[PDB]
């Protein structure tokens, strides 16, 4: 899908259900949500299984979320984060972990309030 205007794609690093409990470098999959200031929907679940076959692992991981504008992790290495950033994705962390829904809700408070220009343009 070509995201609909007014919305963005959000990747969440995860190992269980719809939890934001994964570390970038070792997560089982990326939950991908379509999020607007007011609405959010789970659109894809991208498994990281095939990273086992990659020689350039961080590059591969980022490739799985190349269409996301934001990425949530519990944690992420410096180098990994640089690649995430180089891809134009904004990495956000939640060191203690939480429900994907809670992170998205938080992200929406920004979108709905005073989003920075980059985000405002989107939404």
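Residue numbers count along the first chain shown, from 1.
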Worksheet item: On average, are the C-alpha B-factors higher in 70 to 78 or in 33 to 41?
Response: 33 to 41
Item to complete: Averaging the C-alpha B factors as listed in the entry, name the stretch that ends up higher: 91 to 99 or 24 to 32.
Response: 91 to 99
Practice prompt. Pull the Cα B-factor of residue 59 out of the PDB entry and bin it into the chain's lowest, middle or highest third.
Written response: lowest
Discussion item. Split into thirds by Cα B-factor across the chain's modelled residues, where does residue 51 land: lowest, middle or highest?
Written reply: middle
Worksheet entry | Relative C-alpha B-factor of residue 114, binned into the chain's lowest, middle or highest third | highest
